[PDB]
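The structure file input.pdb is reproduced below (PDB, C-alpha atoms (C1' of nucleotides)).
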```pdb
ATOM      1  CA  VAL A   7      77.699  73.397 112.515
ATOM      2  CA  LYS A   8      80.268  73.707 109.723
ATOM      3  CA  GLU A   9      80.414  76.575 107.264
ATOM      4  CA  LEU A  10      80.660  76.690 103.452
ATOM      5  CA  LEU A  11      83.235  78.397 101.270
ATOM      6  CA  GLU A  12      81.822  81.824 102.032
ATOM      7  CA  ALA A  13      84.667  83.497 100.223
ATOM      8  CA  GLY A  14      82.471  86.509  99.724
ATOM      9  CA  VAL A  15      84.268  87.720 102.820
ATOM     10  CA  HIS A  16      87.966  87.203 103.993
ATOM     11  CA  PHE A  17      90.027  86.914 100.853
ATOM     12  CA  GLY A  18      92.869  89.089 102.159
ATOM     13  CA  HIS A  19      93.564  92.121 104.268
ATOM     14  CA  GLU A  20      96.845  93.919 104.729
ATOM     15  CA  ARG A  21      99.027  95.686 102.175
ATOM     16  CA  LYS A  22     102.748  94.908 102.473
ATOM     17  CA  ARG A  23     103.198  95.311 106.218
ATOM     18  CA  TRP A  24     103.015  91.579 106.632
ATOM     19  CA  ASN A  25     105.100  89.271 108.747
ATOM     20  CA  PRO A  26     107.431  86.941 106.902
ATOM     21  CA  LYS A  27     106.567  84.014 109.163
ATOM     22  CA  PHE A  28     103.027  84.391 107.782
ATOM     23  CA  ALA A  29     104.255  83.238 104.378
ATOM     24  CA  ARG A  30     102.786  79.763 104.665
ATOM     25  CA  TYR A  31      99.402  81.398 104.856
ATOM     26  CA  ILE A  32      99.160  83.480 101.741
ATOM     27  CA  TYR A  33      98.126  82.867  98.118
ATOM     28  CA  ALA A  34      99.513  85.907  96.328
ATOM     29  CA  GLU A  35      99.742  89.648  95.722
ATOM     30  CA  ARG A  36      97.011  91.476  93.763
ATOM     31  CA  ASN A  37      96.983  95.267  93.594
ATOM     32  CA  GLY A  38      99.609  95.377  96.348
ATOM     33  CA  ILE A  39      97.691  93.093  98.730
ATOM     34  CA  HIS A  40      98.393  89.685 100.178
ATOM     35  CA  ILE A  41      95.565  87.308  99.561
ATOM     36  CA  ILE A  42      95.051  84.505 102.048
ATOM     37  CA  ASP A  43      94.921  80.910 100.729
ATOM     38  CA  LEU A  44      91.445  79.884 101.810
ATOM     39  CA  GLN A  45      91.671  76.260 100.825
ATOM     40  CA  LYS A  46      94.211  76.314 103.643
ATOM     41  CA  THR A  47      92.178  78.441 106.062
ATOM     42  CA  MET A  48      89.724  75.631 105.807
ATOM     43  CA  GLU A  49      92.380  73.141 106.974
ATOM     44  CA  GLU A  50      93.079  75.417 109.956
ATOM     45  CA  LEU A  51      89.472  75.901 110.851
ATOM     46  CA  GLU A  52      88.752  72.154 110.694
ATOM     47  CA  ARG A  53      91.326  72.030 113.475
ATOM     48  CA  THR A  54      90.480  75.135 115.384
ATOM     49  CA  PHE A  55      86.853  74.287 115.424
ATOM     50  CA  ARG A  56      87.728  70.724 116.414
ATOM     51  CA  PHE A  57      89.417  72.219 119.485
ATOM     52  CA  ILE A  58      86.667  74.484 120.653
ATOM     53  CA  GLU A  59      84.085  71.678 120.297
ATOM     54  CA  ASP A  60      86.353  69.672 122.626
ATOM     55  CA  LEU A  61      86.325  72.617 125.034
ATOM     56  CA  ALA A  62      82.647  73.328 124.866
ATOM     57  CA  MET A  63      81.404  69.791 125.563
ATOM     58  CA  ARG A  64      84.159  69.350 128.153
ATOM     59  CA  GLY A  65      82.437  72.308 129.797
ATOM     60  CA  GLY A  66      85.239  74.868 129.730
ATOM     61  CA  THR A  67      85.371  78.611 129.413
ATOM     62  CA  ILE A  68      86.780  80.800 126.648
ATOM     63  CA  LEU A  69      87.515  84.443 127.065
ATOM     64  CA  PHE A  70      86.683  86.516 124.043
ATOM     65  CA  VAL A  71      88.817  89.527 123.543
ATOM     66  CA  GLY A  72      89.135  91.932 120.651
ATOM     67  CA  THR A  73      89.784  95.625 121.334
ATOM     68  CA  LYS A  74      89.796  96.670 117.670
ATOM     69  CA  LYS A  75      87.198  99.357 116.936
ATOM     70  CA  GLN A  76      85.404  97.270 114.293
ATOM     71  CA  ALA A  77      85.031  93.980 116.224
ATOM     72  CA  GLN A  78      84.094  96.010 119.349
ATOM     73  CA  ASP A  79      80.321  95.602 119.133
ATOM     74  CA  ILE A  80      80.647  92.063 117.748
ATOM     75  CA  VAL A  81      82.784  90.800 120.560
ATOM     76  CA  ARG A  82      80.093  91.898 123.033
ATOM     77  CA  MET A  83      77.387  90.207 120.935
ATOM     78  CA  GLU A  84      79.025  86.840 120.378
ATOM     79  CA  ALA A  85      80.220  86.315 123.924
ATOM     80  CA  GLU A  86      76.822  87.419 125.157
ATOM     81  CA  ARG A  87      75.200  84.948 122.728
ATOM     82  CA  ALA A  88      77.528  82.298 124.094
ATOM     83  CA  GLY A  89      77.964  81.327 127.667
ATOM     84  CA  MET A  90      81.110  83.430 127.698
ATOM     85  CA  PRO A  91      83.303  86.225 129.233
ATOM     86  CA  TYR A  92      84.555  88.972 126.965
ATOM     87  CA  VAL A  93      86.690  92.070 126.888
ATOM     88  CA  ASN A  94      85.083  94.695 124.833
ATOM     89  CA  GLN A  95      86.108  98.162 125.885
ATOM     90  CA  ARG A  96      89.803  97.904 126.771
ATOM     91  CA  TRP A  97      92.217  95.214 127.844
ATOM     92  CA  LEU A  98      93.777  95.810 131.279
ATOM     93  CA  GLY A  99      97.361  94.866 131.873
ATOM     94  CA  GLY A 100      97.087  91.585 133.748
ATOM     95  CA  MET A 101      93.677  90.123 133.490
ATOM     96  CA  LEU A 102      95.596  86.967 133.824
ATOM     97  CA  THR A 103      99.071  87.542 135.227
ATOM     98  CA  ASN A 104      97.424  89.769 137.774
ATOM     99  CA  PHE A 105      93.902  88.243 137.891
ATOM    100  CA  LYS A 106      93.628  87.953 141.640
ATOM    101  CA  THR A 107      94.541  91.693 141.971
ATOM    102  CA  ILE A 108      91.997  92.503 139.319
ATOM    103  CA  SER A 109      89.248  90.240 140.504
ATOM    104  CA  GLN A 110      89.249  92.595 143.553
ATOM    105  CA  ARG A 111      87.911  95.323 141.301
ATOM    106  CA  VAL A 112      85.090  93.041 140.268
ATOM    107  CA  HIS A 113      84.158  92.845 143.983
ATOM    108  CA  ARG A 114      84.160  96.589 144.028
ATOM    109  CA  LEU A 115      81.511  96.543 141.323
ATOM    110  CA  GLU A 116      79.706  93.857 143.258
ATOM    111  CA  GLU A 117      79.846  96.011 146.398
ATOM    112  CA  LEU A 118      78.781  99.241 144.764
ATOM    113  CA  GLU A 119      75.942  97.660 142.840
ATOM    114  CA  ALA A 120      74.509  96.941 146.302
ATOM    115  CA  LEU A 121      74.567 100.460 147.673
ATOM    116  CA  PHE A 122      72.703 101.763 144.600
ATOM    117  CA  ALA A 123      69.759  99.632 145.666
ATOM    118  CA  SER A 124      69.926  99.837 149.467
ATOM    119  CA  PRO A 125      68.508 102.636 151.679
ATOM    120  CA  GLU A 126      71.975 103.954 152.439
ATOM    121  CA  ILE A 127      72.050 105.967 149.243
ATOM    122  CA  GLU A 128      71.175 109.655 149.547
ATOM    123  CA  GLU A 129      71.442 109.114 153.282
ATOM    124  CA  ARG A 130      75.128 110.108 153.388
ATOM    125  CA  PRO A 131      76.985 112.948 151.509
ATOM    126  CA  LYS A 132      76.243 113.876 147.953
ATOM    127  CA  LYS A 133      79.871 114.594 147.074
ATOM    128  CA  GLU A 134      80.606 110.921 147.638
ATOM    129  CA  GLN A 135      77.428 109.988 145.744
ATOM    130  CA  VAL A 136      78.728 111.168 142.441
ATOM    131  CA  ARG A 137      82.198 110.079 143.570
ATOM    132  CA  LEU A 138      80.730 106.599 143.662
ATOM    133  CA  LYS A 139      78.239 106.847 140.851
ATOM    134  CA  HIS A 140      81.312 107.463 138.691
ATOM    135  CA  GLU A 141      83.139 104.407 139.972
ATOM    136  CA  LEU A 142      80.273 102.187 138.868
ATOM    137  CA  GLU A 143      80.090 103.822 135.481
ATOM    138  CA  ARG A 144      83.744 103.093 134.721
ATOM    139  CA  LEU A 145      83.613  99.558 136.107
ATOM    140  CA  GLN A 146      80.511  98.750 134.092
ATOM    141  CA  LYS A 147      82.598  99.564 131.069
ATOM    142  CA  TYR A 148      85.728  97.565 131.363
ATOM    143  CA  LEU A 149      84.583  94.658 133.497
ATOM    144  CA  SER A 150      81.114  94.380 131.847
ATOM    145  CA  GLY A 151      82.113  90.987 130.537
ATOM    146  CA  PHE A 152      85.089  90.256 132.664
ATOM    147  CA  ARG A 153      82.585  89.693 135.496
ATOM    148  CA  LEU A 154      81.772  86.125 134.466
ATOM    149  CA  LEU A 155      85.341  85.035 135.250
ATOM    150  CA  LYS A 156      85.207  82.794 138.291
ATOM    151  CA  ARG A 157      88.785  81.647 137.708
ATOM    152  CA  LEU A 158      91.298  81.638 134.816
ATOM    153  CA  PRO A 159      89.808  80.772 131.372
ATOM    154  CA  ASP A 160      90.572  77.539 129.588
ATOM    155  CA  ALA A 161      91.213  79.543 126.374
ATOM    156  CA  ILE A 162      91.503  82.877 124.790
ATOM    157  CA  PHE A 163      89.790  83.634 121.630
ATOM    158  CA  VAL A 164      91.580  86.689 120.360
ATOM    159  CA  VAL A 165      90.507  88.753 117.385
ATOM    160  CA  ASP A 166      93.517  90.811 116.167
ATOM    161  CA  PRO A 167      96.467  89.047 117.915
ATOM    162  CA  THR A 168      99.164  91.434 116.941
ATOM    163  CA  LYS A 169      97.107  94.235 118.558
ATOM    164  CA  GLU A 170      96.404  92.272 121.701
ATOM    165  CA  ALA A 171      99.929  90.773 121.920
ATOM    166  CA  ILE A 172      99.718  91.699 125.570
ATOM    167  CA  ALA A 173      96.711  89.540 126.192
ATOM    168  CA  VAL A 174      98.476  86.954 124.111
ATOM    169  CA  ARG A 175     101.773  87.423 126.025
ATOM    170  CA  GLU A 176      99.821  86.786 129.221
ATOM    171  CA  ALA A 177      98.023  83.646 128.086
ATOM    172  CA  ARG A 178     101.260  82.451 126.551
ATOM    173  CA  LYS A 179     102.923  82.576 130.035
ATOM    174  CA  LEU A 180     100.058  80.936 131.974
ATOM    175  CA  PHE A 181      99.824  78.089 129.544
ATOM    176  CA  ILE A 182      96.319  79.021 128.392
ATOM    177  CA  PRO A 183      95.358  78.161 124.822
ATOM    178  CA  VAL A 184      95.248  80.936 122.247
ATOM    179  CA  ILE A 185      92.788  81.111 119.362
ATOM    180  CA  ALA A 186      92.804  83.932 116.918
ATOM    181  CA  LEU A 187      91.278  85.332 113.820
ATOM    182  CA  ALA A 188      94.672  86.333 112.516
ATOM    183  CA  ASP A 189      95.885  87.617 109.190
ATOM    184  CA  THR A 190      98.873  88.816 107.228
ATOM    185  CA  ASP A 191     100.127  91.095 110.046
ATOM    186  CA  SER A 192     100.258  88.384 112.747
ATOM    187  CA  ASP A 193     103.058  86.051 113.893
ATOM    188  CA  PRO A 194     101.383  82.580 113.799
ATOM    189  CA  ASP A 195     104.252  81.307 115.832
ATOM    190  CA  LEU A 196     102.274  82.180 118.921
ATOM    191  CA  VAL A 197      98.738  81.269 118.268
ATOM    192  CA  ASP A 198      97.823  77.845 119.591
ATOM    193  CA  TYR A 199      94.938  77.684 117.129
ATOM    194  CA  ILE A 200      94.953  80.244 114.300
ATOM    195  CA  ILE A 201      92.404  81.167 111.723
ATOM    196  CA  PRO A 202      93.999  83.047 108.769
ATOM    197  CA  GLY A 203      91.561  85.787 107.926
ATOM    198  CA  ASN A 204      90.641  89.338 107.074
ATOM    199  CA  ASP A 205      89.515  91.049 110.227
ATOM    200  CA  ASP A 206      88.931  94.820 109.963
ATOM    201  CA  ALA A 207      85.966  93.788 107.783
ATOM    202  CA  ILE A 208      82.923  93.550 109.986
ATOM    203  CA  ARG A 209      81.733  90.849 107.622
ATOM    204  CA  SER A 210      84.879  88.796 108.594
ATOM    205  CA  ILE A 211      84.787  89.028 112.359
ATOM    206  CA  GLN A 212      81.028  88.760 112.173
ATOM    207  CA  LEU A 213      81.217  85.445 110.377
ATOM    208  CA  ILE A 214      84.208  83.899 112.166
ATOM    209  CA  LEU A 215      82.611  84.411 115.550
ATOM    210  CA  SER A 216      79.151  83.482 114.525
ATOM    211  CA  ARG A 217      80.043  80.009 113.353
ATOM    212  CA  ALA A 218      82.452  79.818 116.284
ATOM    213  CA  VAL A 219      79.787  80.622 118.877
ATOM    214  CA  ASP A 220      77.201  78.639 116.970
ATOM    215  CA  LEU A 221      79.628  75.712 117.214
ATOM    216  CA  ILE A 222      80.088  76.328 120.956
ATOM    217  CA  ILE A 223      76.358  76.102 121.490
ATOM    218  CA  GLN A 224      75.539  72.981 119.389
ATOM    219  CA  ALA A 225      78.435  71.477 121.315
ATOM    220  CA  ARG A 226      76.846  71.974 124.689
ATOM    221  CA  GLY A 227      73.469  70.853 123.329
ATOM    222  CA  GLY A 228      70.990  73.697 123.220
TER     223      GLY A 228
ATOM    224  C1'   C B   1     100.353  99.849 224.270
ATOM    225  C1'   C B   2     101.929  97.806 229.791
ATOM    226  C1'   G B   3     100.699  94.994 235.314
ATOM    227  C1'   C B   4      97.402 100.109 239.794
ATOM    228  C1'   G B   5     101.904 104.161 240.668
ATOM    229  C1'   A B   6     106.178 105.976 239.961
ATOM    230  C1'   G B   7     107.482 105.094 235.328
ATOM    231  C1'   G B   8     108.905 101.778 230.737
ATOM    232  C1'   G B   9     108.955 100.828 225.349
ATOM    233  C1'   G B  10     106.536 102.911 220.906
ATOM    234  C1'   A B  11     103.910 106.114 216.344
ATOM    235  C1'   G B  12     103.967 111.049 214.439
ATOM    236  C1'   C B  13     106.686 115.737 215.340
ATOM    237  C1'   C B  14     111.655 118.447 217.112
ATOM    238  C1'   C B  15     117.409 119.142 217.913
ATOM    239  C1'   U B  16     122.138 117.292 218.226
ATOM    240  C1'   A B  17     126.585 114.318 216.447
ATOM    241  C1'   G B  18     127.876 110.885 212.412
ATOM    242  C1'   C B  19     125.871 108.365 207.597
ATOM    243  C1'   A B  20     122.894 107.049 202.717
ATOM    244  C1'   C B  21     121.254 111.127 200.222
ATOM    245  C1'   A B  22     119.062 115.722 199.221
ATOM    246  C1'   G B  23     120.668 120.480 195.645
ATOM    247  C1'   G B  24     123.338 122.504 191.199
ATOM    248  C1'   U B  25     119.621 127.706 185.463
ATOM    249  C1'   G B  26     127.470 123.516 186.093
ATOM    250  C1'   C B  27     129.042 121.319 180.232
ATOM    251  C1'   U B  28     127.086 118.641 176.418
ATOM    252  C1'   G B  29     120.564 120.218 171.853
ATOM    253  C1'   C B  30     126.422 116.296 167.339
ATOM    254  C1'   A B  31     124.435 111.659 173.308
ATOM    255  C1'   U B  32     118.400 112.211 173.590
ATOM    256  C1'   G B  33     112.450 112.640 174.551
ATOM    257  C1'   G B  34     109.051 115.992 174.019
ATOM    258  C1'   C B  35     107.617 120.429 171.586
ATOM    259  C1'   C B  36     108.710 124.097 167.742
ATOM    260  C1'   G B  37     111.016 127.017 163.174
ATOM    261  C1'   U B  38     111.678 125.785 158.206
ATOM    262  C1'   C B  39     111.238 124.236 152.520
ATOM    263  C1'   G B  40     105.818 124.393 152.594
ATOM    264  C1'   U B  41      99.177 124.619 152.732
ATOM    265  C1'   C B  42     104.035 123.636 148.306
ATOM    266  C1'   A B  43     101.684 118.768 145.804
ATOM    267  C1'   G B  44     103.831 116.023 146.324
ATOM    268  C1'   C B  45     106.092 111.146 149.106
ATOM    269  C1'   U B  46     105.411 105.978 148.440
ATOM    270  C1'   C B  47     103.553 100.543 148.680
ATOM    271  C1'   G B  48     101.280  95.767 147.163
ATOM    272  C1'   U B  49     100.628  92.699 143.193
ATOM    273  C1'   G B  50     101.429  92.531 137.773
ATOM    274  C1'   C B  51     105.000  93.642 133.844
ATOM    275  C1'   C B  52     110.292  95.719 131.932
ATOM    276  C1'   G B  53     115.376  95.223 133.037
ATOM    277  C1'   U B  54     121.527  90.545 134.072
ATOM    278  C1'   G B  55     121.206  94.846 137.664
ATOM    279  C1'   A B  56     121.105  99.469 140.086
ATOM    280  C1'   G B  57     116.335 100.657 138.765
ATOM    281  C1'   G B  58     111.631 101.225 135.782
ATOM    282  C1'   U B  59     106.482 101.340 135.185
ATOM    283  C1'   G B  60     102.010 102.949 138.201
ATOM    284  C1'   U B  61     102.851 108.940 139.916
ATOM    285  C1'   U B  62     103.644 109.416 132.865
ATOM    286  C1'   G B  63     101.724 111.964 128.292
ATOM    287  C1'   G B  64      97.392 115.214 125.892
ATOM    288  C1'   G B  65      93.068 117.982 128.296
ATOM    289  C1'   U B  66      91.674 120.329 133.224
ATOM    290  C1'   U B  67      92.225 122.135 138.524
ATOM    291  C1'   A B  68      93.469 126.086 143.632
ATOM    292  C1'   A B  69      95.583 120.595 144.065
ATOM    293  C1'   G B  70      98.973 113.445 142.154
ATOM    294  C1'   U B  71      91.487 117.886 141.254
ATOM    295  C1'   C B  72      89.129 115.286 137.761
ATOM    296  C1'   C B  73      88.810 113.569 132.049
ATOM    297  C1'   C B  74      91.208 110.701 127.742
ATOM    298  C1'   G B  75      94.772 107.835 126.908
ATOM    299  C1'   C B  76      98.838 103.869 128.571
ATOM    300  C1'   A B  77     101.364  97.373 131.202
ATOM    301  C1'   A B  78      99.045  98.114 134.680
ATOM    302  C1'   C B  79      95.330  97.543 138.762
ATOM    303  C1'   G B  80      94.755  99.135 143.218
ATOM    304  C1'   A B  81      96.268 101.072 148.163
ATOM    305  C1'   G B  82      98.764 104.349 152.038
ATOM    306  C1'   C B  83     100.587 109.265 154.002
ATOM    307  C1'   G B  84      98.839 114.224 151.429
TER     308        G B  84
END
```
Can you dump the structure from the file as C-alpha cells?
Amino acid sequence: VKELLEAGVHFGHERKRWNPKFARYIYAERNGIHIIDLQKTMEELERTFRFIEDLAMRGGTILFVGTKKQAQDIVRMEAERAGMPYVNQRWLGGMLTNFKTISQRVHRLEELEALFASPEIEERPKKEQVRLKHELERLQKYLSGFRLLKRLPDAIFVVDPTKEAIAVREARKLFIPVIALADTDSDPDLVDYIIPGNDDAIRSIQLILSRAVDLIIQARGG
RNA sequence: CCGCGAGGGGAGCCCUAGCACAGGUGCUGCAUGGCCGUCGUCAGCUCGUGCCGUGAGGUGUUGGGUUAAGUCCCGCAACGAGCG
C-alpha cells in the first residue's frame, strides 16, 4: 500500500531545540515551532518504503524499537502485527554489540518457562520458587519481543532516534540499516532511511508504523 | 639346608672391634607447609563479554528507595558470572 497526504497528523513537533543539520527538512516557524515540509517527507517515504519492500520480499527481519512512553504500546502492536521482533519496555546496552551475551538470557527464559510447566515445581524449596518466579517476570518484560531474534536483524526501525542513539550507535557499528521516524530534534546524518515526522503524537507513530507494517505484509503476500 | 656322625654353611636374635648412619626442644617462622590470631560475620572482593578512554583506568559493584546484608525494588551502557 501507499498512503495519501494525511497531513491531519505530523505537521511539526519540536519547539526550538532542533538540530541545525535538520534544516533541509523543515518548512518554517509558526508560533515558535518548526514545521516539517511534507511534500518532502513524501520524497523520503517513497524511498524508505521502497527499501523495506525490498527487505520484506527478500525475506529479511527488521527490529522495531521505540522506548518513548507514547509509542510504547504501538511498538508492541505493530511488530506483533508484523512478522517482527521489537523492543518495547527498555533497550539493553548491547542487543547487538553484545547479542551473543544477551541471547544467553533468552535461553534463561526458555529454560525457566520449562520448569513452570514440569513436575519439578513445588517439589523443591519455596524460597527459590519466588526467586525464580521473579526472574521470569522480568525477562518476560524486556525480552518479550527480543525473543524472535535468531540472529542479527537486517534492519532497525527506530522511532525516536535521538532517544535511542545507543541502539542507533550499535546498528551504525555493525553495518545494519537504520530506519527512523525522526523529526526536528534528530541528526539525519545517521539514519540510513529517515522519515521526517512528528512522533510524540500517538496519531503520528500510529500512522507511520501502520502503513509501514501494512507495506511489510503486502510485500510478503498475505 | 647337607651326604649317616662328628660337624659344616645359613635365617632370625646377641656382643665385640671398625664403618654408613642413627640423635639434637641447636639457629633461622623474613627460607617454608600445615594450622591459627586479626581487620571481620564487616559486605564487601572481582571476572567474562559489551561500551568509554591515546592510556593508566572506567563502567557493571553506581544513583534514588529498602535490608541485618553488593538483601531486594526503580532507574542506568550494560548483560551476566565467581568468591561472599
Surrounding residues of residue 13 of chain A excluding itself and chain neighbours under 6 positions, 12 Å, all atoms listed in the file, as an mmCIF file with C-alpha atoms, keeping the file's coordinate frame:
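The resulting result.cif:
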```cif
data_model
loop_
_atom_site.group_PDB
_atom_site.id
_atom_site.type_symbol
_atom_site.label_atom_id
_atom_site.label_comp_id
_atom_site.auth_asym_id
_atom_site.auth_seq_id
_atom_site.Cartn_x
_atom_site.Cartn_y
_atom_site.Cartn_z
ATOM 1 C CA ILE A 41 95.565 87.308 99.561
ATOM 2 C CA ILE A 42 95.051 84.505 102.048
ATOM 3 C CA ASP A 43 94.921 80.910 100.729
ATOM 4 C CA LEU A 44 91.445 79.884 101.810
ATOM 5 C CA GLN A 45 91.671 76.260 100.825
ATOM 6 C CA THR A 47 92.178 78.441 106.062
ATOM 7 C CA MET A 48 89.724 75.631 105.807
ATOM 8 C CA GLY A 203 91.561 85.787 107.926
ATOM 9 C CA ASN A 204 90.641 89.338 107.074
ATOM 10 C CA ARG A 209 81.733 90.849 107.622
ATOM 11 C CA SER A 210 84.879 88.796 108.594
ATOM 12 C CA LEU A 213 81.217 85.445 110.377
ATOM 13 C CA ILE A 214 84.208 83.899 112.166
#
```
_Expected answer as a PyMOL selection string: chain A residues within 12 Å of chain B, all atoms listed in the file_ = chain A and resi 96-112+114+137+140+144+170-173+175-176+179
I'd like the residues picked by the PyMOL selection byres ((chain B and resi 45) around 12) written out as a PDB file with C-alpha atoms (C1' of nucleotides), in the frame of the given file, using the chain letters and numbers from the file.
```pdb
ATOM      1  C1'   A B  43     101.684 118.768 145.804  1.00  0.00           C
ATOM      2  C1'   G B  44     103.831 116.023 146.324  1.00  0.00           C
ATOM      3  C1'   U B  46     105.411 105.978 148.440  1.00  0.00           C
ATOM      4  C1'   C B  47     103.553 100.543 148.680  1.00  0.00           C
ATOM      5  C1'   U B  61     102.851 108.940 139.916  1.00  0.00           C
ATOM      6  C1'   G B  70      98.973 113.445 142.154  1.00  0.00           C
ATOM      7  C1'   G B  82      98.764 104.349 152.038  1.00  0.00           C
ATOM      8  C1'   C B  83     100.587 109.265 154.002  1.00  0.00           C
ATOM      9  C1'   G B  84      98.839 114.224 151.429  1.00  0.00           C
TER      10        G B  84
END
```
Please expand the PyMOL selection byres ((chain A and resi 70-81) around 9) into the concrete residues it hits in this file, giving the result as a compact mmCIF listing (two decimals) with C-alpha atoms, keeping the file's coordinate frame.
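Output contents, as saved in expr_25.txt:
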```txt
# COMPACT_ATOMS: atom_id res chain seq x y z
CA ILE A 68 86.78 80.80 126.65
CA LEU A 69 87.52 84.44 127.06
CA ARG A 82 80.09 91.90 123.03
CA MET A 83 77.39 90.21 120.94
CA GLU A 84 79.03 86.84 120.38
CA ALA A 85 80.22 86.32 123.92
CA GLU A 86 76.82 87.42 125.16
CA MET A 90 81.11 83.43 127.70
CA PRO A 91 83.30 86.22 129.23
CA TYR A 92 84.56 88.97 126.96
CA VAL A 93 86.69 92.07 126.89
CA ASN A 94 85.08 94.70 124.83
CA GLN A 95 86.11 98.16 125.88
CA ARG A 96 89.80 97.90 126.77
CA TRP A 97 92.22 95.21 127.84
CA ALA A 161 91.21 79.54 126.37
CA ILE A 162 91.50 82.88 124.79
CA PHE A 163 89.79 83.63 121.63
CA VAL A 164 91.58 86.69 120.36
CA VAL A 165 90.51 88.75 117.38
CA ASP A 166 93.52 90.81 116.17
CA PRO A 167 96.47 89.05 117.92
CA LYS A 169 97.11 94.24 118.56
CA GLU A 170 96.40 92.27 121.70
CA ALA A 173 96.71 89.54 126.19
CA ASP A 205 89.52 91.05 110.23
CA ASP A 206 88.93 94.82 109.96
CA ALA A 207 85.97 93.79 107.78
CA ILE A 208 82.92 93.55 109.99
CA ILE A 211 84.79 89.03 112.36
CA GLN A 212 81.03 88.76 112.17
CA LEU A 215 82.61 84.41 115.55
```
*Answer key for the PyMOL selection byres ((chain A and resi 117-121) around 12), residues as a ChimeraX atom specification*: /A:110-116,122-130,135,137-146
*In Å, with one decimal, what is the gap from atom CA of residue 223 of chain A to atom CA of residue 53 of chain A?*
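These atoms are spaced 17.5 Å apart.
As for atom CA of residue 194 of chain A and atom CA of residue 31 of chain A, they are spaced 9.2 Å apart.
Taking atom CA of residue 218 of chain A and atom CA of residue 55 of chain A as endpoints, the distance between them is 7.1 Å.
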_I'd like the contact shell of residue 54 of chain A - 9 Å cut-off, only C-alpha atoms (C1' of nucleotides), skipping same-chain residues fewer than 2 positions apart - returned as JSON, numbers by chain._
{"A": [49, 50, 51, 52, 56, 57, 58, 59, 185, 198, 199, 200, 201]}
Quick one: what's the axis-aligned box for segment 49-65 of chain B, all listed atoms, 5 Å on every side, centre and edges in Å to one decimal, as JSON?
```
{"center_x": 107.3, "center_y": 104.3, "center_z": 134.5, "size_x": 38.5, "size_y": 37.4, "size_z": 27.3}
```
*Looking at A:222, A:197, A:188, A:29, which one is nearest to residue 16 of chain A, with distances taken over all atoms listed in the file?*
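Of A:222, A:197, A:188, A:29, the one nearest residue 16 of chain A, counting all atoms listed in the file, is A:188.
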